[PDB]
Amino acid sequence: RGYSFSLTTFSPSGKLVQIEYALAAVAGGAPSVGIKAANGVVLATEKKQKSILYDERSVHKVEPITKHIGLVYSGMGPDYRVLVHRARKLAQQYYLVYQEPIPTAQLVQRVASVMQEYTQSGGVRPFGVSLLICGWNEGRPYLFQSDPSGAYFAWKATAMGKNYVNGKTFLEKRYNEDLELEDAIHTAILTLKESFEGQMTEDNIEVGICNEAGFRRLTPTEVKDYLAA
Amino acid sequence: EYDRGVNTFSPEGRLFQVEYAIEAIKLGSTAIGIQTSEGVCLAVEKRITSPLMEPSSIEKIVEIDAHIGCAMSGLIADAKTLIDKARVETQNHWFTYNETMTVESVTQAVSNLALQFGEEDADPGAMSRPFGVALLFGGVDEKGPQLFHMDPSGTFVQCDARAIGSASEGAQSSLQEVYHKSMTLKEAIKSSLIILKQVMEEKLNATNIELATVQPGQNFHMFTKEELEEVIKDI
Amino acid sequence: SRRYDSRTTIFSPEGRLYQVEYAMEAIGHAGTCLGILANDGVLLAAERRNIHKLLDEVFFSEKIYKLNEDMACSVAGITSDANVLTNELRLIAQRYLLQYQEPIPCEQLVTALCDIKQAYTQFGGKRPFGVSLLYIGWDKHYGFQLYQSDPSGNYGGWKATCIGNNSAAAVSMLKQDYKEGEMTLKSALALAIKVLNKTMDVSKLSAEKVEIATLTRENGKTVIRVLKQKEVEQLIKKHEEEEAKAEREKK
Amino acid sequence: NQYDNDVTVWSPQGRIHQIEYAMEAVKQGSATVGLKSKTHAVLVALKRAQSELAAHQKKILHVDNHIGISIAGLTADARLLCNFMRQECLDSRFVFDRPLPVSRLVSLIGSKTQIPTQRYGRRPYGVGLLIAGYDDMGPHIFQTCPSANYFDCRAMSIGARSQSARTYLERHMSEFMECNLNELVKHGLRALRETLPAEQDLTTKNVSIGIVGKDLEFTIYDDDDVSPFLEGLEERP
Amino acid sequence: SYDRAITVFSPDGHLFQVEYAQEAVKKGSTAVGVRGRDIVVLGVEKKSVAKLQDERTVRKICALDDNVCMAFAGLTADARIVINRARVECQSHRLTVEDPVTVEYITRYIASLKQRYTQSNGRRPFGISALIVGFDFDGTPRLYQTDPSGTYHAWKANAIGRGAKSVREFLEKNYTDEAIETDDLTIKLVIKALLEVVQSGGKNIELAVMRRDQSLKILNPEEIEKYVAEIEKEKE
Amino acid sequence: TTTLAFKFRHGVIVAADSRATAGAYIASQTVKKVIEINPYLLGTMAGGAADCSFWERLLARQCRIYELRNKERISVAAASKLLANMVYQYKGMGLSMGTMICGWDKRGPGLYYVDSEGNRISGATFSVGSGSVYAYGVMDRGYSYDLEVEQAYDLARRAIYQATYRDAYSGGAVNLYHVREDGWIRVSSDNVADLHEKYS
Amino acid sequence: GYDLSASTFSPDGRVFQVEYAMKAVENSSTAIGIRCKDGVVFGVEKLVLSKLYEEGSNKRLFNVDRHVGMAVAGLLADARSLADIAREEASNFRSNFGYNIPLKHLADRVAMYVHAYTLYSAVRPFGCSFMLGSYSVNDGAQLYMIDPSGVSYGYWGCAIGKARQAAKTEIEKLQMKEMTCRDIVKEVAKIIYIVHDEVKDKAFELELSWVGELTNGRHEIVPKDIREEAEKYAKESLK
Amino acid sequence: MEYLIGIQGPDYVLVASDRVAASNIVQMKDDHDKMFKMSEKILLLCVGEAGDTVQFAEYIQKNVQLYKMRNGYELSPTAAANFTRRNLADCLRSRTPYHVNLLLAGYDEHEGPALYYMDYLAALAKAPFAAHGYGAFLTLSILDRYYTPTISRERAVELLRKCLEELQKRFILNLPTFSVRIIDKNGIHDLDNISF
Amino acid sequence: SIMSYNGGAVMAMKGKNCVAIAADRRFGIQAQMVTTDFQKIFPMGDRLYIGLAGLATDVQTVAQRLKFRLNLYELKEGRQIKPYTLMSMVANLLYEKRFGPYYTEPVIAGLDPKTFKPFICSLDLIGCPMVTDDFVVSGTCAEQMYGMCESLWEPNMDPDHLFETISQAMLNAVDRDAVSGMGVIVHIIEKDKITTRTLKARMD
């Protein structure tokens, strides 16, 4: 059967405390960062593992929703995974209907609608993730952040997770609109270095880029070459 | 508080909601009914709140069928649904079996609705709470004149004479004092109005009471204001 | 289970729903939005509460939400619930167009959405919609119209009104300034800028911290437009110049 | 305090308090006595009147020609269970053209009663029934509780002050097995009268008898018809 | 679905949710209805004049059908819901029976709806009370009241909402065959009745009337001002 | 079958034969085709007897429920519409039903003809049945609104008689009913044999 | 308030409702089932609450299919419901797959049905632990016990109820694997008699059943002659 | 088949219909009225299969009057036409198709007189003049010959009489009397039945 | 056939940075003309026009459903639809009712919003799309229109030549079909303007 009463309700102040607690859960997550270059957009996040025993190659934080859209998160991995599954399904429904790839804004709207659904629906907690969605459409780059609340915002560049305020200040200092994708990758990796709290390496981070070709996650060798400087 | 559900027995074996509803009927206006060999009478006090309220509209006695009428006390809005079922049930009996439905069967039908209340796992359309009324059903059948009392608990009992509502206890004591098996319908009407005059806070008038009788020969009949005035002046 | 139920729907002992009221308090915090009716048009103006530098600006507007050919709406409250409500509004209007092959009446659309918003209060054990949104439109029957709704589901028609932060002070200023039947869209825009300067904490209306939109009837077709940054900057400069001229009158 | 309000909650002591409360419900009811012999099965009840004017609330009901029940507790739930039982016996005669076995019927009652005790937003049937019937095997007497457990009895009583009735029945159980119908019903009437207050005594008004046998379909003998059976019944000091 | 008992009995046998909804009705704007021989009047107290409101949208006196009208107190959204449901019932009844709906029938429908919500699972009571006025087929004037509980009664005159008890006492004192005789006298009576409860007076009331074989007519603001000035004349 | 009904100044007359047939075989010659729906309005049977009986009995119970709820007897128009809406649900499922719902109300004497096809119509004169075609002519020649009660009885009786004479599947006895403002009265039941003695 | 639902955990990760349901079966009288080479034998210390109740009342040795039998402890109502579930499972298996259900599969399926209820708040855990026993020439003798939690394991000998532990101590010293059913029934009777407490429990009726080669693969109640011989031996051994 | 006719004009629309109802070979009723007043300033003329006509018409009637009640203004004729077209087309593929042929006439303050045509397949077409039934075949050509878009209402009544006279002369079925109604800005105005 | 019940014809043609779509005006029943002003071509965009022929009820219904879906799409996306996107949406709409088909055969003709590249296509009853570089036709007089368009079509026609070609083709084709005719309306779509004309035709 399942419960049919909303678990999130307005407090006397006028705040959805479950949503704000989910935002706190997001902030406790691993850092993630996004930067929008003129010719592309880069998604990067730290992939620190509990031990060497973990196989980094086994699972990927940065995942492709479509050929030209991929997204990254900070927060709860399981909620992130159900969201990426539903996002892939939504994009494919769009493609079956219209036979063009789903625009980045529209996919962000649909997944945000899902996140709102779980806010208000009965017997479900909010999602414990904020997603960063990157896309290239109509010869233009896009970066989007979707919160647990179900509200999407468009960013030239942004950060999530631990120390996201410090990262956002660093990006505001270090960002120029004319950045090419390579320099933008270097800037995002520097931001992750700001709060990584460890020896960065190809294994312990992920980077993903979107361009006219499409979304792809940099290989370990590629991110090693980028990390060299 | 909502600490406990609708369907929970007390430590003493009583459903809390049923007990509270049986308490609720005590808030309602008084009614009296008497069973005689020549018929049964049904009498109520209107309890007019204010002068401007038109006294005709208060209908605490109703016609389930030609041969059955009933009176109610408690949350009359709840009684509306029960009398609706009583009407459709007696007419369904007529449609199917081509005969009048006995008062015991009609009271069994309406009583079956009570105690079918449930929070969940019940239906899309279902009763959340018990009904808040007690109904006195009166009619003449092949068995003869009969009177039945249906409580919120859904227990229906045949009674020679009964009083339901706020002053039911004193009315019942007076009814035990007055009643005898050989009573005539006119004497029963007079006695019932006497007891209603005792219990009623306001002085008895043609307006502030309603009386009806169903007899073996005739259908359920509501005494008009002229009849009430004649009887009351006789009193 | 009853133990975990929040019981949003129940009345209070005093007779208040209290979830609707708590959500109204939420709307009170949100970005200010005003609408002013005029003889030749109607406008929507609102604070762009999100004004971080890195934020990109790619949209019709953050909170102007064209709903139909002949109407638009501005929002104050929880943005996700706002998105849901605006999608429902568009579906309602297009369903009306499918059935009747005519554009939906403004009041009719407002009543439909408000019926939904009420229904969340009445039953279902769901939280109310924490949104109040201004509607602007033109219809053949009544002409230019401005409507407001609340989480309760109550709606009204206002010649001018405000919602969000300091809406009380905004309406207080609007009442004295507004001239019934004598306003044109230009004067309404100036009044909007004055009210926005009064309500908004920012000492200067940056012209990046406001989104202003206008609805007008031109050649038998409604045109819904968002004023560009140059135009709204010109408005803010003109208002500052007028304030200076009044300052000259002060001395 | 916390555990009692719901049926699903198990108490720390290994008990569900709600079913115990429902059993207290049947304990607070007009007494009944169910009894059988080699060739007959009888049911006797103290039909209890709320007032002198009121009638005494049909304690004994017809399920089928070969099965009948005596109700104690909530009469509405009792009537619901009776409707279920009647439908099961009707379906048995429709489908298989035979009387439903009484043991099988009480098994079905057990399942139906058990389903509420294990789920939320549902309560036990606050009734205890004494089921009496004649089958191919012979006379049977069964007792059912608000807890779905049911018992097969040589004789039994339920309701208010029924421990004294069980005492008399346990003392006199040997005589009941080899007995004529009149002697058996008289034994049951004495057992029932034990529960009744000393001030009150059995009368035609307040007693109802239900009998089923090999040739006798289940029959309820009313106030007029109990007079042959209570013709004796000497005294009750 | 959300199946829960919002309304349940309490010790002493009171439905607290229904009582609280009646409290919510008490807070609402006053309404007054006065039955009359060839007229039936309805009046309602403007809670306040924002000076920016469009008078059309905020009206509380609504036509359920051509022959019947209603006014309400309590939650306006709930009032709108019951009004629409009553309107569709009016049309369906006309469809099925080929006759206009009687005031008793539509009152019973609204009452049954409210009562269903008082007993159904997962639904709060409708937080409104309504004065339903209409003319029967015979032309007999009809006035009924409905409550959140679902009880319905006919009143020669009644009030609902804030100040209802006081104004009800007033029109209990002042109701008479003389006032009912003239339609202008009925309108002046209800205007006085409202004038006690509303402090501002004048344009702070909304009044409407229905006549035999006429549609609902809402008096003009200047017209009610003329009536109010007539009351000032009567005092002197 | 042949059934006949018309309205005149002193109310409505209803007439019908008493023959029921299965193919050629005359199963019954004494069926009461006029159905007493209630004390105040009454109906007729044509087409399927089972269909007419069942649906008109359902109408009877609905009418009684309406009377109990609204404390006023249902109008003939409203009852006709209830029957029509009831049968329209089962349109195309083989219902063959022909009915003339006859009664009084605030309007006056009321006559409505309802059909399985769905037609509901009010008229001064109606006839539904196999012999309705023969009955119509004699009824039309005789009928006038200003007609004595005895004259209307004679017209209806002879109309059903001639229809029985011509049509094979209509016969038996001519039952006749007269609706008056108090209610219906069963005025006569003449066998067509003694009517053949009388008229010829 | 962590013990008011089975959709909850203790802070130390325990579902207390299930443990309380296990207290329920611990309250009820002991039942023992002892596997052997030929088959399985069940025994129950069925207490007689009242002299009035007939022999065979509150039967605690159900038959869930021709080839399998149940023995139960705890709430007999819950036990009856579980027996109905097991009977339906065996019937459905025969219908679909065309042969008598294996005991391991039946135990697993009824165990999963039990486990379904520990998860959710709406339903409470079963108040019955029960043993399943069956014999087949292809499968051999098999005895399984299913607890209220839903754990299912295979036991050479098992006990459920008040004197589970003491009954297990007695059952350990039996050499079950060599023994045959005809001796094992006598051993079952002596163990039941020794574990029975005369003071706390007024009286009991030894209820016995077996399945095995001697029965040719049917669960059946012990013939009265053999049960009487076993009871006489038990009273003799009790001393 | 029943006859419906409509003739639009500069400031009016004229509508007429036969007044018969028939069972097999007999006209049961001579005063049957096939015009339905969906509001003050629209009429819906309805012909088709038995039962479907009245049922569908009354559904459209209740919905239009409900629109008036809830909104405070009446549907326009075009909107009413599209609404009934929607309801008819929706049921075309359902289990319960309405075999009903409609002619909808109305006036609007903004858009002036309007006459609309619908077939049982629910195809909607505005027309200067239109007809339904077998008689439409006979009478449309006369309308084609003598109609002008600037016809006065008296001339329109005369043209209607011409068409009905042609039906009397040639159409095999007996349509003795015809209702006539005209919709204009004032409202629906009943006119004396053209009769023979 | 069912499609022949109401008749009708639609044609679209592709030129150089220009598109032309034309259709007949007759609305009739199996042989009775009812009106000569049926709208079979509906504007689905600033420069995207759909033309439907078949059963008239399905023509109107599919047009209205498409406008519903498209208005939602344009409001949500914020951008005018692309022609291929409209084609795919129409195919989905038709194939949703694969059983109990809409008896209409769309022809979609328009210029791309940004590139202003001419696009024409046609779809069958159950939504098999068919993009084509020269012309597409649907209706009762399809064979006549096909032969005439095959002969008269030239690549890279200017707007005037496109108008003349499609006009002659529609006239000559519908004149040889009984259930189509009663005038022709043609819409020429260019980047800077849409021009609509009605052609002199044989009313027969």
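Residues numbered from 1 in each chain as written, not as in the entry; some residues may be left out. Chains lettered and ligands numbered in written order. Part of a larger assembly, values for the part shown. Heavy atoms only, no water. Residues with missing side-chain atoms left out of burial classes, pairs and counts.

In the PDB header, cryo-EM is given as the technique by which the entry was determined, and 2.9 Å as its resolution.

A. Representation of the overall build of chain I within the structure. Summing up its helical and strand segments, chain I has four helices and 12 strands in all. In terms of C-alpha radius of gyration, chain I reaches 16 Å, essentially the compact-globule figure of 17 Å for 204 residues. Along the first, second and third principal axes, the C-alpha set of chain I runs to 45 × 40 × 25 Å. Summarising the internal contacts of chain I: among those between residues at least 6 apart in sequence, 61% fall at separations of at least 24. (Helix = DSSP H or I, 4+ residues; strand = E, 2+ residues; numbered from the N terminus. Rg over C-alpha atoms; globule rule 2.2 N^0.38 Å. Contact = heavy atoms within 4.5 Å.)

B. Focus on the interface of chain E and chain C. Counting residues at the interface gives 30 residues for chain E and 36 residues for chain C. The set of elements that each furnish at least two residues to the side of chain E that touches chain C consists of α1 (16–27) and α2 (76–97) of chain E. Each residue belonging to the side of chain E that touches chain C can be placed in one class, and the counts come to 13 nonpolar, seven polar and 10 charged. (Nonpolar A, V, L, I, M, F, W, Y, C, P; charged D, E, K, R; others polar.)

C. Inspection of the packing of helix α3 (residues 132–142) of chain F against helix α4 (residues 149–166) of chain F at higher detail. All names here are of chain F. The interhelical angle for the contact between α3 and α4, taken along N-to-C directions, is 150°, at an axis separation of 8 Å. Taken together, α3 and α4 sit at an angle that is classed as roughly antiparallel. As α3 runs across α4, the sense of the crossing is right-handed. Between α3, through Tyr 134, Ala 135, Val 138, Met 139 and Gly 142, and α4, the contact on the second element is made entirely by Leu 155, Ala 159, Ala 163 and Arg 166. In terms of residue class, the contact of α3 with α4 is made up of seven nonpolar, one polar and one charged. (Axes fitted to C-alpha atoms, helices over the stretch in contact; angles between N-to-C directions. Parallel < 35°, antiparallel > 145°, perpendicular 65-115°, else oblique. Left-handed = near helix turned anticlockwise from the far one by under 90°.)

D. Spotlight on the pairing of strand β8 (residues 205–211) of chain E. Residue and element names in this part refer to chain E. Where strand β2 (residues 39–45) lies against β8, seven bridges are found, and the strand directions are antiparallel. In the sheet register, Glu 45 faces β8, and the bridge partner there is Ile 205. Note: β8 against strand β9 (residues 217–218), two bridges, orientation antiparallel. From the neighbouring strand, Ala 208 faces β9, where its bridge partner is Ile 218. Following β8, the chain reverses through five residues before pairing antiparallel with β9; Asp 213 in that reversal takes a positive phi of roughly 60°. (Pairing = 2+ DSSP bridges.)

E. The pattern of salt bridges, seen in detail. Where A:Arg140 meets C:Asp56, a salt bridge forms, and the shortest distance between an N and an O atom there is 3.1 Å. Residue A:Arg140 is found in strand β6 (residues 140–146), and its partner C:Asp56 is found in the loop between β2 (41–47) and β3 (66–68); the two belong to separate chains. Taking the shortest distance from any N to any O, the salt bridge between C:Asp5 and E:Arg4 comes out at 3.9 Å. Taken together, the residues C:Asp5 in the segment before α1 (19–29) and E:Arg4 in the segment before α1 connect one chain to another. (Salt bridge = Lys/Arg side-chain N within 4 Å of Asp/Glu carboxyl O.)

F. Layout of the sheet that holds strand β2 (residues 39–47) of chain G. Residues and elements named next belong to chain G. Taken together, five strands build an open sheet; the order of strands is β8-β1-β2-β9-β10 and the sheet is antiparallel. The outermost strands of the open sheet, each flanked by one partner alone, are β8 (157–160) and β10 (220–221). Pairing between β2 and strand β9 (residues 204–212): nine bridges, direction antiparallel. Across the sheet, residue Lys 46 finds its bridge partner in β9, namely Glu 205. Across the sheet, helix α4 (residues 164–172) is in contact with β1 (31–35) and β8; its angle to β8 comes to roughly 160°. Its contacts with the sheet put helix α5 (residues 181–195) on β1, β2 and β9, and the angle it makes with β2 is roughly 25°.

G. Summary view of the sheet that holds β6(A). Residue and element names in this part refer to chain A. A sheet is described by the order of its strands in space; here five strands give the open sequence β3-β4-β5-β6-β7, paired in antiparallel fashion. Because the sheet does not close on itself, it has two edges, and the strands there are β3 (63–64) and β7 (152–154). With seven bridges connecting them, strand β5 (residues 129–137) and β6 associate as antiparallel partners. Residue pairing for β6: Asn 137 is matched across the bridge by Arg 140. Packed onto the sheet, helix α3 (residues 104–120) meets β4 (69–75), β5, β6 and β7 and runs at close to 160° relative to β5.

H. The side chain of A:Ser6, seen in detail. Inspection of the secondary structure puts A:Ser6 in the segment before α1 (17–27). Among the polar contacts listed, one links the side chain of A:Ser6 to the backbone oxygen of A:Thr8, at a separation of 3.2 Å. Ignoring anything within four residues of it in the chain, the contact list for A:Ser6 reads A:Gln120, A:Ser121, A:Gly122, C:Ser6, C:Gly125, C:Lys126 and C:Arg127. (Polar contact = N/O pair within 3.5 Å; in protein donor to acceptor, adjacent residues only side chain to side chain.)

I. Local environment of the packing of helix α2 (residues 79–100) of chain C against helix α1 (residues 56–77) of chain I. For the pair α2(C) and α1(I), the least separation of the axes is 10 Å and the interaxial angle reads 155°. For the element pair α2(C) / α1(I), the angle class is roughly antiparallel. Here α2(C) runs over α1(I); the crossing is right-handed. Here α2(C) contributes C:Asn87, C:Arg90, C:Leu91, C:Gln94, C:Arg95, C:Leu97 and C:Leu98 to the contact with α1(I), which in turn contributes I:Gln64, I:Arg65, I:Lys67, I:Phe68, I:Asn71, I:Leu72, I:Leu75 and I:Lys76. Its residues assigned to classes, the contact of α2(C) with α1(I) comprises six nonpolar, four polar and five charged.

J. Focus on the pairing of strand β4 (residues 67–73) of chain D. All names here are of chain D. The pairing of strand β3 (residues 60–62) with β4 spans three bridges and is antiparallel. What sits directly across from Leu 61, in β4, is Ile 69. Counted between consecutive antiparallel strands, the loop separating β3 from β4 contains four residues. Strand direction decides the pairing type here: β4 and strand β5 (residues 127–134), joined by seven bridges, are antiparallel. Paired with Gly 73 across the two strands is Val 127, which belongs to β5.

K. Main features of unusual backbone geometry. The backbone phi angle of A:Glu138 is positive, close to 55°, even though this residue is not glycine. Of note in this structure, A:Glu197 is not a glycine but carries a positive phi near 60°.

L. Here's a closer look at the environment of H:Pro10. All names here are of chain H. You can see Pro 10 is positioned in the loop between β1 (4–8) and β2 (12–18). As a C-alpha pair, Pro 10 and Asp 192 span 182 residues in sequence and 22 Å in three-dimensional space. If sequence neighbours within four positions are ignored, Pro 10 has contacts with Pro 113, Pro 149, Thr 150 and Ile 151.

M. Fine view of helix α1 (residues 52–71) of chain H. Its 20 residues place the ends of α1(H) 28 Å apart at the C-alpha level, agreeing with the 28 Å of an ideal helix rising 1.5 Å per residue. Just beyond α1(H), the residue with positive phi is H:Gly72, at close to 90°. (Expected span 1.5 Å × (residues − 1).)

N. The side chain of G:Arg124, seen in detail. For G:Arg124, the location among the structural elements is in the loop between α3 (103–119) and β5 (128–134). Side chain to side chain, G:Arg124 and G:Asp78 meet in a polar contact 2.9 Å long. G:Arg124 has contacts with D:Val7, D:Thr8, D:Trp10, D:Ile16, D:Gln114, D:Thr117, D:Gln118, G:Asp78 and G:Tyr117, leaving out every residue within four places of it along the chain.

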